[PDB]
Amino acid sequence: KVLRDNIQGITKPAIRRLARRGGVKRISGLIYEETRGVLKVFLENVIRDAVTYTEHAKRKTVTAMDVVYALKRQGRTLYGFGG
Amino acid sequence: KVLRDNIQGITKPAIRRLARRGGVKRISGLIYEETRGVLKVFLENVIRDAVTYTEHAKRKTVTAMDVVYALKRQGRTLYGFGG
Amino acid sequence: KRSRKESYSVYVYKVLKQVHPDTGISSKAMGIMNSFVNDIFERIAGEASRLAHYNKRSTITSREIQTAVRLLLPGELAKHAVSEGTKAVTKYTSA
Amino acid sequence: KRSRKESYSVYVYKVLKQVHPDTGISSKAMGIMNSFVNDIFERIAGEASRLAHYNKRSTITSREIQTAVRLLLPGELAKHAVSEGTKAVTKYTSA
Amino acid sequence: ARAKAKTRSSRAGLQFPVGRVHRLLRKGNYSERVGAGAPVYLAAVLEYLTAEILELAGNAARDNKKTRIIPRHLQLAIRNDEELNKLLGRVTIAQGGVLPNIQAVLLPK
Amino acid sequence: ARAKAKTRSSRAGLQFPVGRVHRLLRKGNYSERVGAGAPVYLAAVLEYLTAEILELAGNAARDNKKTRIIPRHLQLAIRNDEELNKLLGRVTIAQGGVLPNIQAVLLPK
Amino acid sequence: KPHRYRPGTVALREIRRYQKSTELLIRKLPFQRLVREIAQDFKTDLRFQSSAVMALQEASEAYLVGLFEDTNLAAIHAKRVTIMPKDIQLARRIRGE
Amino acid sequence: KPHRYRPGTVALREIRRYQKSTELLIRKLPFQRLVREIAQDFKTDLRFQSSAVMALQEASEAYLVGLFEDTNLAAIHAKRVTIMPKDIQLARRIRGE
Amino acid sequence: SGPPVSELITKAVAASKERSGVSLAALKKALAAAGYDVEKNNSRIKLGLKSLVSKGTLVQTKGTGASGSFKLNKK
DNA sequence: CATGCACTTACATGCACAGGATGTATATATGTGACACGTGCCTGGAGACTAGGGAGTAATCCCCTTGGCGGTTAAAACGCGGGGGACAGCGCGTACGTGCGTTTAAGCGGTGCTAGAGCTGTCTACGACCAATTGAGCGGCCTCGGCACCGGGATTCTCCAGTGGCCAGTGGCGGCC
DNA sequence: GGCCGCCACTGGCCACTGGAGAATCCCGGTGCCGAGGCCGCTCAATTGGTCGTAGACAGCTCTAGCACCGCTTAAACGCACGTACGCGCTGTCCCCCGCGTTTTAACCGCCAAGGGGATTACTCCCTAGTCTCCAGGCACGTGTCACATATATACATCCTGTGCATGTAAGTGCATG
């Protein structure tokens, strides 16, 4: 029912892959947990708004269109999911 | 009437004043002209916007309302001018 | 002969005397407050407009406004505004 | 069947064949172009509404559309958009 | 023959103008109809925000022993509150100045 | 006695729907009245913009010898134009990837 | 003798590869797990469109990657090639976060 | 010998003064001259509300001052106390200017 | 050809006789003034100075290894 | 007698403290205009009443979402190692900081003008509203060929071993004192 | 005869290079599933007329900006001398990616189930709109005290001279070679 630790599901090699996409040549060992915290902050910031949209839509199922609304609210508009 | 290099009308000690208000301790000699170019880019953008407002307004004179509309167009909202 | 112009002067000055009866104000600070209250008015109004579009509603209700407050206003100001606005809506409902 | 859902597939496909008769299109890229055109459309609509409000204009006309596209679009994109729109406005003016 | 005039702000028990905000929302073109409680709720929210920021400006003015609110007081009140700073991270204020703030490495020794 | 129902996009020689965009403006609540040439001008502007972005996308797909345009090609086109990237810096394409970019200090001797 | 590449060469080849690639680098279902875990902290027992999860994955990877280019710029700006969490804090403070 | 402060002391005092002060750090008349100079390039015979020029002012020191705290953060990141124009360039590019 | 860089380093340190020992930068400037391809032979200078240190003919004042100041022995 | 050593003693260096000097605070005196408060008004907002229509609610169904079960491997994780990088120390030369003298030009008061913002009447172009209608555009189907995956060869990049040049350590000899 | 300077012998160190190995790019081939084209439907764009009004212009007004001028210092510039700071170099130590191995859970993929998204209908609560009437907030006028400014002390604090704690080196008496 409940979930306790899935932030560690964003594993270190995945962060390494993202950093190589980011052009980072060398990654410190202290990076990964801080990036987990930063990712947690960004995800909660968007998904609180998403929950707000979905509840205001009187739905209990989260739709991607609300995710688009939340992302374009925070100046992070995404192309490829509108409609 | 025709003005030529009023970009240097922003004096170097005024740039030092602006840096000290920003808490800058030590300023290179290379700084001032580069910052003049940067503020030139900033001013020309915002005055392009404010002008476009003004000829759309069918007015010859720039109003401060046009200015604050231009700033809020850039996400740089300014308060205290009748907006 | 001058055309009348709108301001928030009486309301902000009276709520200032409510919160601090002994405190004055400078006029350009009132201009800043005018810009602030206007700015938040179009922020909430635009959020309410697009939220009314997203659920295809042509009527913006207090639910939309409250949703917009939860969106733009973060944390404690949102829930305090919800409580006070709910009180105001309840009092208007009794009115 | 179900209710009709609006899309811009046919127009973008026509424009694609105008610029490239030879090449194809992917449907997820089609969703990207729909997001793109809807985003630009709502942007221009927003500044049109704002500018019409600033001049207190009850009717939204082409001149402030021109103003808004000159405002948003950078440089030669804006000038050629003005040129294309002016050409189309003249042709529709001539019916 | 007719009921006496009574304001809707008083009907909410509020100071912010219900009729003015209602008219501005109607003419601001956000929806073609509007719920009755929506502008009352809106005016209540703005009155609450104005009251709290006026409290903070009053504390700022009292700390500097000045009776009247100054844009410097507004700048100090907004920038020293992390909630209001995150509300207004992109807002600039005329003649506001900044927080008195130095880096520790800029200090001597 | 009706004439043949002709289309306004053809009247302006355009591809984008004049009637649909005019309907969107009438129901998108930006003003209660809309000048007749305004959606025509808007559709022309949109057609121009779509023409350039699609042309750049087809050019990029041809550069990658690909006969059907890809969101990767959309990213590569939209990021390699200065004015388009300045128009759309804050906007992300799904599955777009990133520009090939390595700093010179990252490169070896 | 078993070959061993000199350090960073494979890292640069990784950079070229994943700049060339377009796919998501995050494991899909652990991301779904974490998204639902954050979701129940706001409202429990909700349902998700998989499209919403994929959109969150795309936006999250994009924000992270752009943060890493900013971090790389800060690190080389500090004349270093190894990124640090202080670089990330600097980048977030510049971005206004 | 005459009195002479060591370097940085006057800088600290004026930093405290100008952080405490709110008054304009630009001479007003050459600022107005530069505004008219730039604006004439885009449209001829442009006239200005003085209030419009003033709003253009506090916008100018607002953008510039924020750019210098960004620059100062870059410099203290770079273990320096003297700013260099590439720090400003870094701040602009990370902000996306 | 000429003599190896060790003797040139000895005249480089003996040219000044400051209270503090000569820096690496100052001896590089001294070899530049006297004439040497110092851009090609930084490692040669480092090994020569370290070898002279190991004999005890030179004593390093404040730095360690090739950094800091370098001064002559007691005799 | 002489000579080296050790002990004593003068010399020198760096850290700590008093004292001056100047900047900043802080206390008292004085005007003033800016904020605040009484006043006329009209205009925008409330009062009464209605139409109707957007919206709340009931029903349903099916499609989408959740839940679960097996295979498999890529994916993560763990360990070794060893190079590359961070970073501290040190110095150095320079480039701003600070300080003092000058010019000027920014700034303030006062004059004068008029473009130009802006208000008001007209009225006309234009667009919303409404009824019919259709055809264009959208939902669904179907085929295909472009392309993703697979498999094979060439290419390129890289890294490290072999090699020659370059330099310093070493030995030996002649010449002079 | 011995010792030192110079010339010659020799080994160690650094860069240059070729080649091997491995990752990658490139080349068909082929099955397959989105793309796109066809086809059937429907709803919304069109067409046409009307009515009412939105804004463009004429005209007029007064006002704010623009320029000029004339003093009048503030600061901007400029020079000069000095420190402290970027920064270049290097030593050193440790951190983190390369690589190989083990585990593991993610993912396909397959299937069940059911839940709520969504759609349709129905009826009604509200609210947009109209007319009437009236008081609230803003323009207007004024007055008056909070604050700006000036000035005189008073302390803070920062630099610096210098007074004490600590390292150093030399002189010389004394013991003894």
# chains A, B, ... in the order shown; residues from 1 in each chain; ligands from 1
>>> interface_residues(of="chain G", to="chain H", cutoff="9 Å", atoms="only C-alpha atoms", output="list in words")
residues 69, 70, 73, 74, 75, 77, 78, 79, 86, 87, 90, 91, 93, 94, 95 and 96 of chain G
>>> select_by_dssp(residues="chain G", states="strand (DSSP E or B)", output="list in words")
residues 47, 48, 82 and 83 of chain G
>>> residues_around(residues="residue 112 in chain J", least_positions_apart="2", cutoff="12 Å", atoms="only C-alpha atoms (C1' of nucleotides)", output="number ranges by chain")
J: 110, 114; K: 66-69
>>> calpha_fit_rmsd(fixed="chain H", moving="chain G")
0.4 Å
>>> interface_residues(of="chain F", to="chain K", cutoff="9 Å", atoms="only C-alpha atoms (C1' of nucleotides)", output="list in words")
residues 2, 3, 4, 5, 6, 7, 19 and 20 of chain F
>>> select_by_dssp(residues="chain D", states="alpha helix (DSSP H)", output="JSON, numbers by chain")
{"D": [9, 10, 11, 12, 13, 14, 15, 16, 17, 18, 19, 27, 28, 29, 30, 31, 32, 33, 34, 35, 36, 37, 38, 39, 40, 41, 42, 43, 44, 45, 46, 47, 48, 49, 50, 51, 52, 53, 54, 62, 63, 64, 65, 66, 67, 68, 69, 70, 71, 72, 76, 77, 78, 79, 80, 81, 82, 83, 84, 85, 86, 87, 88, 89, 90, 91, 92, 93]}
>>> write_last_selection(atoms="C-alpha atoms", output="PDB file, in the first residue's frame")
ATOM      1  CA  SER D   9      -3.112  17.054 -39.053  1.00  0.00           C
ATOM      2  CA  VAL D  10      -4.438  17.932 -42.505  1.00  0.00           C
ATOM      3  CA  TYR D  11      -3.172  21.522 -42.607  1.00  0.00           C
ATOM      4  CA  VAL D  12       0.322  20.666 -41.391  1.00  0.00           C
ATOM      5  CA  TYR D  13       0.421  17.795 -43.879  1.00  0.00           C
ATOM      6  CA  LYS D  14      -0.493  20.201 -46.687  1.00  0.00           C
ATOM      7  CA  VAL D  15       2.174  22.691 -45.573  1.00  0.00           C
ATOM      8  CA  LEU D  16       4.712  19.861 -45.346  1.00  0.00           C
ATOM      9  CA  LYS D  17       3.955  18.860 -48.919  1.00  0.00           C
ATOM     10  CA  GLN D  18       4.268  22.522 -49.906  1.00  0.00           C
ATOM     11  CA  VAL D  19       7.784  22.673 -48.480  1.00  0.00           C
ATOM     12  CA  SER D  27       2.685  11.098 -35.525  1.00  0.00           C
ATOM     13  CA  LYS D  28       4.495  11.963 -32.297  1.00  0.00           C
ATOM     14  CA  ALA D  29       6.191  14.774 -34.209  1.00  0.00           C
ATOM     15  CA  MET D  30       2.662  15.669 -35.328  1.00  0.00           C
ATOM     16  CA  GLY D  31       1.683  15.989 -31.676  1.00  0.00           C
ATOM     17  CA  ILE D  32       4.735  18.215 -31.233  1.00  0.00           C
ATOM     18  CA  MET D  33       3.607  20.517 -34.042  1.00  0.00           C
ATOM     19  CA  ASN D  34       0.094  20.661 -32.594  1.00  0.00           C
ATOM     20  CA  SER D  35       1.564  21.668 -29.226  1.00  0.00           C
ATOM     21  CA  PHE D  36       3.755  24.212 -31.021  1.00  0.00           C
ATOM     22  CA  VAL D  37       0.965  25.856 -33.000  1.00  0.00           C
ATOM     23  CA  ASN D  38      -1.415  25.849 -30.029  1.00  0.00           C
ATOM     24  CA  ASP D  39       1.273  27.419 -27.830  1.00  0.00           C
ATOM     25  CA  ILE D  40       2.073  30.162 -30.332  1.00  0.00           C
ATOM     26  CA  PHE D  41      -1.635  30.736 -30.960  1.00  0.00           C
ATOM     27  CA  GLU D  42      -2.432  31.164 -27.273  1.00  0.00           C
ATOM     28  CA  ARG D  43       0.605  33.429 -26.827  1.00  0.00           C
ATOM     29  CA  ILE D  44      -0.436  35.773 -29.651  1.00  0.00           C
ATOM     30  CA  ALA D  45      -4.040  35.660 -28.427  1.00  0.00           C
ATOM     31  CA  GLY D  46      -2.864  36.675 -24.965  1.00  0.00           C
ATOM     32  CA  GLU D  47      -0.871  39.689 -26.078  1.00  0.00           C
ATOM     33  CA  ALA D  48      -3.666  40.652 -28.463  1.00  0.00           C
ATOM     34  CA  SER D  49      -6.077  40.659 -25.529  1.00  0.00           C
ATOM     35  CA  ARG D  50      -3.620  42.643 -23.396  1.00  0.00           C
ATOM     36  CA  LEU D  51      -2.976  45.257 -26.085  1.00  0.00           C
ATOM     37  CA  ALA D  52      -6.678  45.622 -26.850  1.00  0.00           C
ATOM     38  CA  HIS D  53      -7.213  46.148 -23.133  1.00  0.00           C
ATOM     39  CA  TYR D  54      -4.443  48.761 -23.014  1.00  0.00           C
ATOM     40  CA  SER D  62      -5.144  42.808 -37.347  1.00  0.00           C
ATOM     41  CA  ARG D  63      -3.010  45.820 -36.400  1.00  0.00           C
ATOM     42  CA  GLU D  64      -2.312  44.703 -32.840  1.00  0.00           C
ATOM     43  CA  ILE D  65      -1.829  41.160 -34.096  1.00  0.00           C
ATOM     44  CA  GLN D  66       0.953  42.719 -36.171  1.00  0.00           C
ATOM     45  CA  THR D  67       2.151  44.556 -33.067  1.00  0.00           C
ATOM     46  CA  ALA D  68       2.209  41.358 -31.013  1.00  0.00           C
ATOM     47  CA  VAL D  69       4.015  39.267 -33.618  1.00  0.00           C
ATOM     48  CA  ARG D  70       6.571  42.047 -33.987  1.00  0.00           C
ATOM     49  CA  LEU D  71       6.860  42.010 -30.198  1.00  0.00           C
ATOM     50  CA  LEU D  72       7.399  38.283 -29.698  1.00  0.00           C
ATOM     51  CA  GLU D  76      13.705  38.797 -39.481  1.00  0.00           C
ATOM     52  CA  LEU D  77      11.215  36.135 -38.410  1.00  0.00           C
ATOM     53  CA  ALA D  78       8.987  38.991 -37.286  1.00  0.00           C
ATOM     54  CA  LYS D  79       9.539  41.040 -40.448  1.00  0.00           C
ATOM     55  CA  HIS D  80       8.809  38.157 -42.814  1.00  0.00           C
ATOM     56  CA  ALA D  81       5.797  37.176 -40.718  1.00  0.00           C
ATOM     57  CA  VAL D  82       4.589  40.755 -41.180  1.00  0.00           C
ATOM     58  CA  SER D  83       5.228  40.412 -44.917  1.00  0.00           C
ATOM     59  CA  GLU D  84       3.365  37.101 -45.267  1.00  0.00           C
ATOM     60  CA  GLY D  85       0.464  38.263 -43.133  1.00  0.00           C
ATOM     61  CA  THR D  86       0.232  41.553 -45.009  1.00  0.00           C
ATOM     62  CA  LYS D  87       0.158  39.667 -48.309  1.00  0.00           C
ATOM     63  CA  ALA D  88      -2.588  37.336 -47.081  1.00  0.00           C
ATOM     64  CA  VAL D  89      -4.570  40.247 -45.622  1.00  0.00           C
ATOM     65  CA  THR D  90      -4.403  42.046 -48.967  1.00  0.00           C
ATOM     66  CA  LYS D  91      -5.477  38.920 -50.851  1.00  0.00           C
ATOM     67  CA  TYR D  92      -8.432  38.289 -48.538  1.00  0.00           C
ATOM     68  CA  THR D  93      -9.216  42.005 -48.771  1.00  0.00           C
TER      69      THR D  93
END
>>> atom_distance(atom1="CA of residue 5 in chain B", atom2="CA of residue 36 in chain B")
11.1 Å
>>> closest_residue(among="K:165, K:32, K:39, K:23", to="chain G", atoms="only C-alpha atoms (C1' of nucleotides)")
K:23
>>> closest_atom_pairs(of="chain A", to="chain D", cutoff="9 Å", atoms="only C-alpha atoms", output="Markdown table")
| residue | atom | partner | partner_atom | distance |
| --- | --- | --- | --- | --- |
| A:78 | CA | D:35 | CA | 8.3 |
| A:79 | CA | D:32 | CA | 5.2 |
| A:80 | CA | D:32 | CA | 4.3 |
| A:81 | CA | D:31 | CA | 6.7 |
| A:82 | CA | D:35 | CA | 5.1 |
| A:83 | CA | D:35 | CA | 7.6 |
>>> residues_around(residues="residue 68 in chain F", least_positions_apart="5", cutoff="6 Å", atoms="only C-alpha atoms (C1' of nucleotides)", output="ChimeraX atom specification")
/D:23-25
>>> interface_residues(of="chain H", to="chain J", cutoff="12 Å", atoms="only C-alpha atoms (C1' of nucleotides)", output="PyMOL selection string")
chain H and resi 2-14+16-17+26-31+45-49+79+81-83
>>> residues_around(residues="residue 69 in chain J", least_positions_apart="4", cutoff="12 Å", atoms="only C-alpha atoms (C1' of nucleotides)", output="list in words")
residues 109, 110, 111 and 112 of chain K
>>> interface_residues(of="chain E", to="chain H", cutoff="8 Å", atoms="only C-alpha atoms", output="count of residues only")
14
>>> closest_residue(among="F:36, F:52, F:29, F:8", to="chain J", atoms="only C-alpha atoms (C1' of nucleotides)")
F:36
>>> interface_residues(of="chain K", to="chain B", cutoff="10 Å", atoms="only C-alpha atoms (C1' of nucleotides)", output="ChimeraX atom specification")
/K:65,75-77,85
>>> closest_residue(among="E:54, E:69, E:42, E:104", to="chain J", atoms="only C-alpha atoms (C1' of nucleotides)")
E:69
>>> closest_residue(among="B:59, B:17, B:48, B:72", to="residue 68 in chain H", atoms="only C-alpha atoms")
B:17
>>> closest_atom_pairs(of="chain I", to="chain J", cutoff="10 Å", atoms="only C-alpha atoms (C1' of nucleotides)", output="JSON lines")
{"residue": "I:1", "atom": "CA", "partner": "J:167", "partner_atom": "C1'", "distance": 9.6}
{"residue": "I:3", "atom": "CA", "partner": "J:168", "partner_atom": "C1'", "distance": 9.4}
{"residue": "I:4", "atom": "CA", "partner": "J:168", "partner_atom": "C1'", "distance": 6.6}
{"residue": "I:5", "atom": "CA", "partner": "J:168", "partner_atom": "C1'", "distance": 8.8}
{"residue": "I:6", "atom": "CA", "partner": "J:168", "partner_atom": "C1'", "distance": 9.1}
{"residue": "I:22", "atom": "CA", "partner": "J:91", "partner_atom": "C1'", "distance": 9.2}
{"residue": "I:23", "atom": "CA", "partner": "J:91", "partner_atom": "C1'", "distance": 6.5}
{"residue": "I:24", "atom": "CA", "partner": "J:91", "partner_atom": "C1'", "distance": 8.4}
{"residue": "I:25", "atom": "CA", "partner": "J:92", "partner_atom": "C1'", "distance": 7.8}
{"residue": "I:26", "atom": "CA", "partner": "J:92", "partner_atom": "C1'", "distance": 8.3}
{"residue": "I:44", "atom": "CA", "partner": "J:167", "partner_atom": "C1'", "distance": 8.7}
{"residue": "I:48", "atom": "CA", "partner": "J:168", "partner_atom": "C1'", "distance": 9.1}
{"residue": "I:62", "atom": "CA", "partner": "J:90", "partner_atom": "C1'", "distance": 7.5}
{"residue": "I:63", "atom": "CA", "partner": "J:90", "partner_atom": "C1'", "distance": 6.1}
{"residue": "I:64", "atom": "CA", "partner": "J:89", "partner_atom": "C1'", "distance": 8.0}
{"residue": "I:67", "atom": "CA", "partner": "J:90", "partner_atom": "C1'", "distance": 6.5}
{"residue": "I:68", "atom": "CA", "partner": "J:90", "partner_atom": "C1'", "distance": 4.6}
{"residue": "I:69", "atom": "CA", "partner": "J:90", "partner_atom": "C1'", "distance": 7.6}
>>> write_last_selection(atoms="N, CA, C and O atoms", output="compact mmCIF listing (two decimals), in the first residue's frame")
# COMPACT_ATOMS: atom_id res chain seq x y z
N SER I 1 75.33 23.65 -27.21
CA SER I 1 75.43 22.72 -26.09
C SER I 1 75.64 23.47 -24.78
O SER I 1 74.69 23.87 -24.12
N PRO I 3 77.25 24.06 -20.79
CA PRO I 3 77.12 23.29 -19.55
C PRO I 3 75.68 22.90 -19.30
O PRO I 3 74.76 23.50 -19.88
N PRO I 4 75.43 21.89 -18.45
CA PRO I 4 74.05 21.55 -18.10
C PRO I 4 73.39 22.64 -17.26
O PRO I 4 74.04 23.58 -16.79
N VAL I 5 72.08 22.48 -17.06
CA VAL I 5 71.27 23.56 -16.49
C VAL I 5 71.54 23.76 -15.01
O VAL I 5 71.08 24.74 -14.42
N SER I 6 72.26 22.83 -14.37
CA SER I 6 72.54 22.95 -12.95
C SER I 6 73.41 24.16 -12.64
O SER I 6 73.11 24.93 -11.72
N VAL I 22 64.99 32.41 -3.92
CA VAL I 22 64.44 32.76 -5.22
C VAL I 22 63.26 31.85 -5.53
O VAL I 22 63.24 30.67 -5.14
N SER I 23 62.26 32.40 -6.21
CA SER I 23 61.12 31.59 -6.59
C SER I 23 61.45 30.78 -7.84
O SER I 23 62.47 30.98 -8.49
N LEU I 24 60.55 29.84 -8.15
CA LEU I 24 60.61 29.18 -9.44
C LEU I 24 60.40 30.18 -10.57
O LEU I 24 61.10 30.13 -11.59
N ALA I 25 59.44 31.10 -10.40
CA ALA I 25 59.17 32.10 -11.42
C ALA I 25 60.36 33.02 -11.63
O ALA I 25 60.70 33.34 -12.78
N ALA I 26 61.01 33.45 -10.54
CA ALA I 26 62.15 34.35 -10.66
C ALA I 26 63.33 33.68 -11.34
O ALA I 26 64.01 34.30 -12.16
N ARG I 44 63.07 19.56 -16.86
CA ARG I 44 64.52 19.56 -16.68
C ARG I 44 64.93 20.49 -15.55
O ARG I 44 65.79 20.13 -14.73
N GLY I 48 66.61 19.25 -12.07
CA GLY I 48 67.89 19.83 -11.70
C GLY I 48 67.87 20.47 -10.33
O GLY I 48 68.78 20.27 -9.52
N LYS I 62 60.80 27.91 2.01
CA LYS I 62 59.41 27.88 2.45
C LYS I 62 58.57 26.85 1.71
O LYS I 62 57.75 26.16 2.33
N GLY I 63 58.74 26.72 0.40
CA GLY I 63 57.98 25.77 -0.38
C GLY I 63 58.46 24.35 -0.17
O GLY I 63 59.38 24.07 0.59
N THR I 64 57.81 23.43 -0.88
CA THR I 64 58.17 22.02 -0.85
C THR I 64 58.38 21.53 -2.27
O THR I 64 57.59 21.82 -3.17
N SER I 67 58.19 24.02 -5.55
CA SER I 67 57.47 25.25 -5.29
C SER I 67 58.18 26.08 -4.22
O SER I 67 59.04 25.59 -3.49
N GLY I 68 57.80 27.35 -4.14
CA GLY I 68 58.29 28.21 -3.08
C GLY I 68 59.61 28.89 -3.39
O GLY I 68 59.90 29.29 -4.52
N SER I 69 60.43 29.01 -2.35
CA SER I 69 61.68 29.74 -2.40
C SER I 69 62.85 28.77 -2.29
O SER I 69 62.74 27.70 -1.70
